[PDB]
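Okay, so here's the structure we're looking at.
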Amino acid sequence: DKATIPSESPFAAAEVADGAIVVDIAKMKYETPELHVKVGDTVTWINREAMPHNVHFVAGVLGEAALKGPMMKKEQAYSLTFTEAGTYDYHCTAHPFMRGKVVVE
Ligand SMILES: [Cu+2]
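If you use the entry's author numbering, the sequence shown corresponds to residues 1 to 105, in order.
What follows is the structure, given as structure tokens:
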């Protein structure tokens, strides 16, 4: 794949790793909608709202399969470790008007 998943389900905001690149989800938006990282970086999304949110990459973007991330409740987090350069678009499954991208370079 182009990313590995440290944890298939969400974990507490306080448990975010040292060195992770954090994207907040607040005000019904990915607060960094275009994030630039390097190969081997871990990106961690943190849901700051009552409404659940995820990140969803369609098939062919992070790998053969779609990556439909788990729904994060308020103050939960979810990480992806990017292992290959590219441009990776995502949305929220529940709220597809929420769009973001990670650029790995
Ligand atoms: Cu959402």
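Using N, Cα and C, we set each Cβ at its ideal position, and we do this for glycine too.
How many whole angstroms separate the CB atoms of residue i and residue j, which I take to be in contact at a CB cut-off of 8 Å?
i: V103; j: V39; result: At roughly 11 Å, the Cβ-Cβ gap does not stay under 8 Å, so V103 and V39 are not in contact.
i: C92; j: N47; result: No, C92 and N47 are not in contact; Cβ-Cβ is about 10 Å, not under 8 Å.
i: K2; j: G63; result: 6 Å
Hey, how far is the Cα of residue i from the Cα of residue j?
i: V61; j: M51; result: 26 Å
i: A65; j: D24; result: 25 Å
i: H95; j: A17; result: 27 Å
Let me know if residue i comes out buried or exposed under the rule of 16 or more other beta-carbons within 10 Å of its beta-carbon.
i: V43; result: buried
i: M28; result: exposed
i: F97; result: exposed
Can you tell me whether DSSP reads residue i as helix, strand or coil?
i: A85; result: coil
i: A94; result: coil
Using CA atoms only, rank isn't needed, just tell me which of the options is closest to residue i.
i: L80; options: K73, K68, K74; result: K68
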